[PDB]
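Below is the file input-v3.txt, which contains compact mmCIF, N, CA, C and O atoms.
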# COMPACT_ATOMS: atom_id res chain seq x y z
N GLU A 99 16.83 -28.00 16.96
CA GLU A 99 17.08 -28.27 15.54
C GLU A 99 15.87 -27.74 14.78
O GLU A 99 14.89 -28.45 14.56
N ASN A 100 15.96 -26.48 14.36
CA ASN A 100 14.83 -25.77 13.77
C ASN A 100 15.39 -24.62 12.95
O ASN A 100 16.56 -24.26 13.07
N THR A 101 14.53 -24.04 12.11
CA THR A 101 14.95 -22.93 11.26
C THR A 101 13.76 -22.03 10.98
O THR A 101 12.72 -22.50 10.52
N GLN A 102 13.92 -20.74 11.27
CA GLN A 102 12.93 -19.72 10.96
C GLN A 102 13.50 -18.76 9.93
O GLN A 102 14.65 -18.33 10.04
N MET A 103 12.71 -18.45 8.91
CA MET A 103 13.22 -17.71 7.75
C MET A 103 13.25 -16.21 8.03
O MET A 103 14.32 -15.62 8.17
N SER A 104 12.07 -15.61 8.16
CA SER A 104 11.86 -14.20 8.51
C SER A 104 12.58 -13.21 7.61
O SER A 104 13.61 -12.65 8.00
N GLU A 105 12.09 -13.03 6.39
CA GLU A 105 12.62 -12.01 5.49
C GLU A 105 11.83 -10.71 5.62
O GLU A 105 10.70 -10.68 6.11
N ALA A 106 12.46 -9.62 5.18
CA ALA A 106 11.86 -8.29 5.25
C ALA A 106 12.21 -7.51 3.99
O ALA A 106 13.18 -7.81 3.30
N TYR A 107 11.42 -6.48 3.72
CA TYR A 107 11.40 -5.83 2.42
C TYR A 107 10.74 -4.46 2.59
O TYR A 107 9.72 -4.35 3.26
N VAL A 108 11.34 -3.44 1.99
CA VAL A 108 10.92 -2.05 2.16
C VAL A 108 10.20 -1.61 0.89
O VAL A 108 10.72 -1.80 -0.22
N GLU A 109 9.00 -1.05 1.04
CA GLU A 109 8.23 -0.57 -0.09
C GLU A 109 7.61 0.78 0.24
O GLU A 109 7.64 1.23 1.39
N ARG A 110 7.07 1.43 -0.78
CA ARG A 110 6.49 2.76 -0.63
C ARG A 110 5.20 2.70 0.18
O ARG A 110 4.42 1.76 0.06
N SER A 111 4.99 3.72 1.00
CA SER A 111 3.81 3.76 1.85
C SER A 111 2.57 4.11 1.03
O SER A 111 2.65 4.52 -0.13
N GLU A 112 1.40 3.94 1.65
CA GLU A 112 0.15 4.23 0.96
C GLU A 112 -0.24 5.69 1.04
O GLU A 112 -1.16 6.10 0.33
N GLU A 113 0.43 6.49 1.87
CA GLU A 113 0.19 7.92 1.95
C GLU A 113 1.11 8.71 1.04
O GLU A 113 1.14 9.94 1.13
N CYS A 114 1.87 8.05 0.18
CA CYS A 114 2.80 8.75 -0.70
C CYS A 114 2.13 9.39 -1.90
O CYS A 114 2.77 10.16 -2.61
N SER A 115 0.86 9.08 -2.15
CA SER A 115 0.13 9.68 -3.25
C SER A 115 -0.55 10.98 -2.86
O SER A 115 -1.16 11.62 -3.71
N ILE A 116 -0.46 11.38 -1.59
CA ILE A 116 -1.21 12.55 -1.13
C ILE A 116 -0.26 13.62 -0.58
O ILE A 116 -0.56 14.81 -0.67
N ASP A 117 0.90 13.22 -0.07
CA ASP A 117 1.92 14.20 0.29
C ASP A 117 3.30 13.62 0.06
O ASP A 117 3.62 12.53 0.54
N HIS A 118 4.10 14.35 -0.70
CA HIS A 118 5.45 13.95 -1.06
C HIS A 118 6.19 15.20 -1.50
O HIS A 118 5.58 16.21 -1.83
N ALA A 119 7.51 15.11 -1.49
CA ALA A 119 8.36 16.24 -1.85
C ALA A 119 8.84 16.03 -3.28
O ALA A 119 9.74 15.22 -3.53
N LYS A 120 8.24 16.75 -4.22
CA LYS A 120 8.70 16.71 -5.60
C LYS A 120 10.02 17.47 -5.73
O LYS A 120 10.21 18.52 -5.12
N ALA A 121 10.92 16.92 -6.53
CA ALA A 121 12.28 17.44 -6.67
C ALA A 121 12.47 17.93 -8.10
O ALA A 121 12.64 17.12 -9.01
N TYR A 122 12.46 19.24 -8.29
CA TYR A 122 12.47 19.86 -9.61
C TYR A 122 13.83 20.48 -9.91
O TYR A 122 14.57 20.87 -9.00
N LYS A 123 14.15 20.57 -11.20
CA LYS A 123 15.32 21.30 -11.67
C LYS A 123 14.84 22.48 -12.51
O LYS A 123 14.05 22.31 -13.44
N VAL A 124 15.33 23.67 -12.19
CA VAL A 124 14.79 24.92 -12.70
C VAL A 124 15.76 25.52 -13.71
O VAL A 124 16.95 25.67 -13.42
N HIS A 125 15.26 25.82 -14.91
CA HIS A 125 15.96 26.61 -15.91
C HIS A 125 15.17 27.90 -16.14
O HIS A 125 14.08 28.08 -15.61
N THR A 126 15.73 28.79 -16.95
CA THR A 126 15.07 30.06 -17.24
C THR A 126 13.86 29.84 -18.14
O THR A 126 13.86 28.99 -19.03
N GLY A 127 12.81 30.63 -17.90
CA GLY A 127 11.57 30.46 -18.63
C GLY A 127 10.90 31.76 -19.03
O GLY A 127 11.49 32.84 -18.94
N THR A 128 9.64 31.67 -19.47
CA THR A 128 8.93 32.82 -19.99
C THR A 128 8.48 33.75 -18.87
O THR A 128 8.35 33.36 -17.71
N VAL A 129 8.24 35.01 -19.24
CA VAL A 129 7.70 36.02 -18.34
C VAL A 129 6.40 36.52 -18.94
O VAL A 129 6.36 36.93 -20.10
N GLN A 130 5.33 36.50 -18.15
CA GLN A 130 4.04 37.03 -18.56
C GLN A 130 3.62 38.12 -17.59
O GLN A 130 4.25 38.34 -16.55
N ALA A 131 2.53 38.81 -17.94
CA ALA A 131 2.02 39.91 -17.13
C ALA A 131 0.54 40.09 -17.43
O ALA A 131 -0.07 39.27 -18.13
N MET A 132 -0.04 41.16 -16.90
CA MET A 132 -1.41 41.55 -17.21
C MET A 132 -1.51 43.06 -17.07
O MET A 132 -1.01 43.63 -16.10
N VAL A 133 -2.15 43.70 -18.04
CA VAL A 133 -2.15 45.15 -18.13
C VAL A 133 -3.58 45.67 -18.10
O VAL A 133 -4.51 44.99 -18.55
N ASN A 134 -3.75 46.87 -17.56
CA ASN A 134 -5.01 47.61 -17.60
C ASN A 134 -4.78 48.86 -18.43
O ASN A 134 -3.92 49.68 -18.10
N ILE A 135 -5.54 49.00 -19.51
CA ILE A 135 -5.29 50.01 -20.53
C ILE A 135 -6.50 50.91 -20.65
O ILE A 135 -7.62 50.43 -20.86
N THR A 136 -6.29 52.22 -20.51
CA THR A 136 -7.27 53.21 -20.93
C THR A 136 -6.55 54.34 -21.65
O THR A 136 -5.39 54.65 -21.35
N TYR A 137 -7.23 54.93 -22.62
CA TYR A 137 -6.66 56.02 -23.40
C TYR A 137 -7.78 56.90 -23.91
O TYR A 137 -8.79 56.40 -24.42
N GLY A 138 -7.61 58.21 -23.76
CA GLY A 138 -8.59 59.16 -24.25
C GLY A 138 -9.92 59.10 -23.52
O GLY A 138 -10.01 59.47 -22.35
N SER A 139 -10.95 58.63 -24.21
CA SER A 139 -12.31 58.61 -23.67
C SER A 139 -12.93 57.22 -23.79
O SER A 139 -14.11 57.07 -24.10
N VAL A 140 -12.13 56.18 -23.56
CA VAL A 140 -12.64 54.82 -23.52
C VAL A 140 -12.39 54.25 -22.13
O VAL A 140 -11.58 54.76 -21.35
N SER A 141 -13.12 53.18 -21.82
CA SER A 141 -13.03 52.56 -20.50
C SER A 141 -11.81 51.66 -20.42
O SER A 141 -11.07 51.47 -21.39
N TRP A 142 -11.59 51.09 -19.24
CA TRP A 142 -10.45 50.21 -19.03
C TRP A 142 -10.69 48.86 -19.69
O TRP A 142 -11.74 48.24 -19.49
N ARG A 143 -9.72 48.41 -20.47
CA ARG A 143 -9.73 47.08 -21.07
C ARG A 143 -8.47 46.35 -20.65
O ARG A 143 -7.38 46.92 -20.70
N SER A 144 -8.62 45.10 -20.24
CA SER A 144 -7.51 44.32 -19.71
C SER A 144 -7.27 43.09 -20.56
O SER A 144 -8.21 42.50 -21.11
N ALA A 145 -6.00 42.71 -20.68
CA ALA A 145 -5.61 41.54 -21.45
C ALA A 145 -4.30 41.01 -20.91
O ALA A 145 -3.56 41.72 -20.22
N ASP A 146 -4.02 39.75 -21.23
CA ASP A 146 -2.81 39.07 -20.79
C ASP A 146 -1.76 39.14 -21.89
O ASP A 146 -2.04 38.81 -23.04
N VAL A 147 -0.55 39.56 -21.52
CA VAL A 147 0.51 39.80 -22.49
C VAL A 147 1.71 38.92 -22.17
O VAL A 147 1.78 38.27 -21.13
N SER B 211 -9.48 -39.24 8.26
CA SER B 211 -10.43 -39.65 9.28
C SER B 211 -9.79 -40.74 10.13
O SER B 211 -8.97 -41.52 9.65
N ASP B 212 -10.20 -40.77 11.41
CA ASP B 212 -9.84 -41.79 12.40
C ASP B 212 -8.33 -41.92 12.57
O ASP B 212 -7.70 -41.05 13.19
N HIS B 213 -7.76 -43.00 12.03
CA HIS B 213 -6.33 -43.32 12.05
C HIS B 213 -5.81 -43.39 13.49
O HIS B 213 -5.05 -42.55 13.96
N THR B 214 -6.29 -44.42 14.19
CA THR B 214 -5.80 -44.73 15.53
C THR B 214 -4.32 -45.09 15.49
O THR B 214 -3.94 -46.13 14.95
N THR B 215 -3.48 -44.22 16.05
CA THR B 215 -2.04 -44.39 16.02
C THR B 215 -1.64 -45.49 17.00
O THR B 215 -2.17 -45.57 18.11
N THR B 216 -0.69 -46.34 16.58
CA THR B 216 -0.28 -47.50 17.36
C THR B 216 0.85 -47.20 18.33
O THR B 216 1.65 -48.09 18.63
N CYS B 217 0.95 -45.97 18.83
CA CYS B 217 1.98 -45.60 19.79
C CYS B 217 1.36 -45.19 21.12
O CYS B 217 0.14 -45.01 21.24
N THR B 218 2.22 -45.03 22.13
CA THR B 218 1.77 -45.01 23.52
C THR B 218 1.39 -43.62 24.02
O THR B 218 0.25 -43.39 24.42
N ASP B 219 2.34 -42.69 24.01
CA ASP B 219 2.18 -41.43 24.72
C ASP B 219 1.74 -40.31 23.78
O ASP B 219 2.06 -40.30 22.59
N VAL B 220 0.99 -39.36 24.34
CA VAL B 220 0.54 -38.19 23.59
C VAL B 220 1.60 -37.10 23.54
O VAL B 220 1.47 -36.15 22.76
N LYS B 221 2.65 -37.24 24.34
CA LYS B 221 3.72 -36.24 24.38
C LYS B 221 4.84 -36.49 23.37
O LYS B 221 5.79 -35.71 23.28
N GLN B 222 4.75 -37.58 22.62
CA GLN B 222 5.78 -37.93 21.65
C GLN B 222 5.23 -37.93 20.22
O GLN B 222 5.74 -38.64 19.36
N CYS B 223 4.20 -37.13 19.97
CA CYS B 223 3.62 -37.05 18.63
C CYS B 223 2.95 -35.70 18.47
O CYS B 223 2.12 -35.32 19.30
N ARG B 224 3.31 -34.99 17.41
CA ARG B 224 2.72 -33.69 17.12
C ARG B 224 1.56 -33.83 16.15
O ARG B 224 1.43 -34.82 15.42
N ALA B 225 0.69 -32.82 16.14
CA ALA B 225 -0.49 -32.82 15.29
C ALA B 225 -0.66 -31.45 14.66
O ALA B 225 -0.24 -30.44 15.22
N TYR B 226 -1.28 -31.43 13.49
CA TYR B 226 -1.54 -30.19 12.77
C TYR B 226 -2.96 -30.17 12.25
O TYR B 226 -3.78 -31.01 12.63
N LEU B 227 -3.28 -29.21 11.38
CA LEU B 227 -4.64 -29.05 10.87
C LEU B 227 -4.57 -28.25 9.58
O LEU B 227 -4.02 -27.14 9.57
N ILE B 228 -5.12 -28.80 8.51
CA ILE B 228 -5.07 -28.14 7.21
C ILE B 228 -6.46 -27.67 6.80
O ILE B 228 -7.24 -28.42 6.19
N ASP B 229 -6.78 -26.43 7.13
CA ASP B 229 -8.02 -25.79 6.69
C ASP B 229 -7.69 -24.86 5.52
O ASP B 229 -6.82 -24.00 5.64
N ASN B 230 -8.38 -25.06 4.40
CA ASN B 230 -8.13 -24.26 3.21
C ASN B 230 -9.40 -23.63 2.65
O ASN B 230 -9.37 -23.09 1.54
N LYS B 231 -10.51 -23.69 3.39
CA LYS B 231 -11.74 -23.08 2.92
C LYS B 231 -11.66 -21.56 2.96
O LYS B 231 -12.18 -20.88 2.07
N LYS B 232 -11.00 -21.01 3.97
CA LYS B 232 -10.85 -19.57 4.14
C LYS B 232 -9.37 -19.20 4.07
O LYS B 232 -8.49 -20.05 4.11
N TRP B 233 -9.12 -17.89 3.97
CA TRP B 233 -7.79 -17.37 3.71
C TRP B 233 -7.48 -16.24 4.67
O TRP B 233 -8.39 -15.59 5.19
N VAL B 234 -6.19 -16.01 4.93
CA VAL B 234 -5.77 -15.03 5.92
C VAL B 234 -4.75 -14.08 5.31
O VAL B 234 -4.07 -14.40 4.33
N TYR B 235 -4.66 -12.90 5.90
CA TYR B 235 -3.63 -11.93 5.53
C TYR B 235 -2.28 -12.42 6.03
O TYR B 235 -2.17 -12.98 7.13
N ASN B 236 -1.24 -12.24 5.22
CA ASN B 236 0.07 -12.78 5.56
C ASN B 236 0.71 -11.90 6.62
O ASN B 236 1.43 -10.94 6.32
N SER B 237 0.44 -12.22 7.88
CA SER B 237 1.07 -11.51 8.98
C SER B 237 2.53 -11.90 9.10
O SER B 237 2.98 -12.93 8.59
N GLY B 238 3.28 -11.06 9.79
CA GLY B 238 4.63 -11.42 10.16
C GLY B 238 4.73 -12.29 11.38
O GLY B 238 5.84 -12.67 11.77
N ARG B 239 3.60 -12.63 11.99
CA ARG B 239 3.54 -13.44 13.20
C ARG B 239 2.79 -14.75 12.97
O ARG B 239 2.24 -15.33 13.90
N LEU B 240 2.76 -15.21 11.72
CA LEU B 240 2.14 -16.47 11.34
C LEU B 240 3.12 -17.28 10.50
O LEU B 240 3.89 -16.70 9.73
N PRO B 241 3.12 -18.60 10.63
CA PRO B 241 4.05 -19.41 9.82
C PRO B 241 3.59 -19.53 8.38
O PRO B 241 2.40 -19.65 8.09
N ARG B 242 4.56 -19.47 7.47
CA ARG B 242 4.30 -19.50 6.04
C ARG B 242 3.83 -20.88 5.61
O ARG B 242 4.26 -21.90 6.16
N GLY B 243 2.93 -20.91 4.63
CA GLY B 243 2.38 -22.15 4.10
C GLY B 243 3.34 -23.05 3.34
O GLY B 243 4.56 -22.90 3.41
N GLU B 244 2.77 -23.99 2.58
CA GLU B 244 3.54 -25.08 2.02
C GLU B 244 4.28 -24.66 0.76
O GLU B 244 5.52 -24.68 0.71
N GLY B 245 3.54 -24.29 -0.28
CA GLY B 245 4.15 -23.96 -1.55
C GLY B 245 3.74 -22.60 -2.08
O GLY B 245 3.93 -21.58 -1.41
N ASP B 246 3.17 -22.58 -3.28
CA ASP B 246 2.75 -21.33 -3.91
C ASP B 246 1.45 -20.88 -3.27
O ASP B 246 0.38 -21.43 -3.54
N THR B 247 1.54 -19.87 -2.41
CA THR B 247 0.37 -19.22 -1.85
C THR B 247 0.03 -18.01 -2.71
O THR B 247 0.90 -17.16 -2.96
N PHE B 248 -1.22 -17.93 -3.15
CA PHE B 248 -1.61 -16.99 -4.19
C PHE B 248 -1.67 -15.56 -3.64
O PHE B 248 -1.66 -15.32 -2.44
N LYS B 249 -1.73 -14.61 -4.58
CA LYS B 249 -1.58 -13.19 -4.31
C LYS B 249 -2.92 -12.45 -4.24
O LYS B 249 -2.95 -11.23 -4.44
N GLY B 250 -3.99 -13.15 -3.89
CA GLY B 250 -5.33 -12.58 -4.00
C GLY B 250 -5.53 -11.42 -3.04
O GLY B 250 -5.04 -11.41 -1.92
N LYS B 251 -6.26 -10.41 -3.52
CA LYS B 251 -6.19 -9.07 -2.96
C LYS B 251 -7.48 -8.69 -2.26
O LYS B 251 -8.58 -9.07 -2.68
N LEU B 252 -7.34 -7.93 -1.17
CA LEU B 252 -8.45 -7.27 -0.50
C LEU B 252 -8.20 -5.77 -0.51
O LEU B 252 -7.06 -5.32 -0.43
N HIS B 253 -9.28 -5.01 -0.62
CA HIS B 253 -9.16 -3.56 -0.60
C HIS B 253 -8.94 -3.05 0.82
O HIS B 253 -9.36 -3.67 1.80
N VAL B 254 -8.26 -1.91 0.92
CA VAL B 254 -8.07 -1.22 2.19
C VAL B 254 -9.19 -0.19 2.33
O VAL B 254 -9.32 0.67 1.45
N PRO B 255 -10.01 -0.26 3.39
CA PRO B 255 -11.22 0.57 3.45
C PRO B 255 -10.99 2.07 3.60
O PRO B 255 -11.53 2.86 2.82
N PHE B 256 -10.19 2.47 4.58
CA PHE B 256 -10.04 3.89 4.92
C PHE B 256 -8.68 4.35 4.41
O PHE B 256 -7.68 4.31 5.13
N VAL B 257 -8.66 4.79 3.16
CA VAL B 257 -7.46 5.30 2.50
C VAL B 257 -7.27 6.76 2.91
O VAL B 257 -8.23 7.37 3.42
N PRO B 258 -6.08 7.34 2.77
CA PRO B 258 -5.96 8.79 2.97
C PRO B 258 -6.72 9.59 1.93
O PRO B 258 -6.86 9.18 0.77
N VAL B 259 -7.23 10.74 2.35
CA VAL B 259 -7.94 11.66 1.48
C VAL B 259 -7.61 13.08 1.94
O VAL B 259 -7.38 13.32 3.13
N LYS B 260 -7.49 14.00 0.99
CA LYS B 260 -7.14 15.38 1.29
C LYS B 260 -8.42 16.15 1.58
O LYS B 260 -9.25 16.35 0.70
N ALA B 261 -8.56 16.61 2.82
CA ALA B 261 -9.77 17.26 3.27
C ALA B 261 -9.43 18.64 3.85
O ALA B 261 -8.30 19.11 3.75
N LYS B 262 -10.43 19.27 4.46
CA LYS B 262 -10.29 20.60 5.03
C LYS B 262 -10.37 20.50 6.55
O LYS B 262 -11.34 19.96 7.09
N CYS B 263 -9.36 21.03 7.23
CA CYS B 263 -9.32 21.10 8.68
C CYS B 263 -9.45 22.54 9.13
O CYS B 263 -9.08 23.47 8.40

Please lay out the structure from this file as structure tokens.
Amino acid sequence: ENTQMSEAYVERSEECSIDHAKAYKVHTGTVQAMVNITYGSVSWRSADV
Amino acid sequence: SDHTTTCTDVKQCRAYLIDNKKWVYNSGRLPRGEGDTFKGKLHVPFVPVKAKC
């Protein structure tokens, strides 16, 4: 004539802040590049476009 | 203190012990206490860290 309770419960692990699978949804976005420009008698100048 | 019990045999009476000066981590292999047991926290020493192997 006795009773043992013994409940259980699932929670996030402590290593979930260092490796996890992020789940993203992708739409169309911007396109960038980088160019190297020289013309005539000047040196190469580069910029992000 | 004391309380000499007026019964005969030692096999027909259970005994317990209430120590509350210190506190223990709530294991799954220990019996739960009486009422509201508080949520007081201890830090975990060796946490994961991202290093170079």

Considering only C-alpha atoms, give me a table of residues in chain A that are at most 10 Å from chain B, with the closest atom pair and distance in Å for each, as JSON lines.
{"residue": "A:102", "atom": "CA", "partner": "B:241", "partner_atom": "CA", "distance": 9.0}
{"residue": "A:103", "atom": "CA", "partner": "B:242", "partner_atom": "CA", "distance": 9.3}
{"residue": "A:104", "atom": "CA", "partner": "B:238", "partner_atom": "CA", "distance": 7.9}
{"residue": "A:105", "atom": "CA", "partner": "B:238", "partner_atom": "CA", "distance": 9.3}
{"residue": "A:106", "atom": "CA", "partner": "B:238", "partner_atom": "CA", "distance": 9.3}
{"residue": "A:112", "atom": "CA", "partner": "B:257", "partner_atom": "CA", "distance": 7.8}
{"residue": "A:113", "atom": "CA", "partner": "B:258", "partner_atom": "CA", "distance": 6.3}
{"residue": "A:114", "atom": "CA", "partner": "B:258", "partner_atom": "CA", "distance": 9.5}
{"residue": "A:115", "atom": "CA", "partner": "B:258", "partner_atom": "CA", "distance": 8.8}
{"residue": "A:116", "atom": "CA", "partner": "B:260", "partner_atom": "CA", "distance": 7.0}
{"residue": "A:117", "atom": "CA", "partner": "B:260", "partner_atom": "CA", "distance": 9.2}

Can you list every residue in chain A that DSSP puts in strand (DSSP E or B), as number ranges by chain?
A: 132-135, 143-146

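In this structure, atom CA of residue A:129 sits 11.2 Å away from atom CA of residue A:146.
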
For residue A:130, list every protein, DNA or RNA residue within 9 Å, evaluated using only C-alpha atoms, and leave out those in the same chain fewer than 2 positions away; present the list as number ranges by chain.
A: 128, 132, 146-147

Need the shell around residue A:143: protein/DNA/RNA residues with any atom at most 12 Å away, counting only C-alpha atoms. Skip same-chain ones fewer than 6 positions apart. Format as a PyMOL selection string?
chain A and resi 132-137

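A straight line drawn from atom CA of residue A:109 to atom CA of residue B:234 is 21.0 Å long.
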
Atom CA of residue B:245 sits from atom CA of residue A:108 at a separation of 23.2 Å
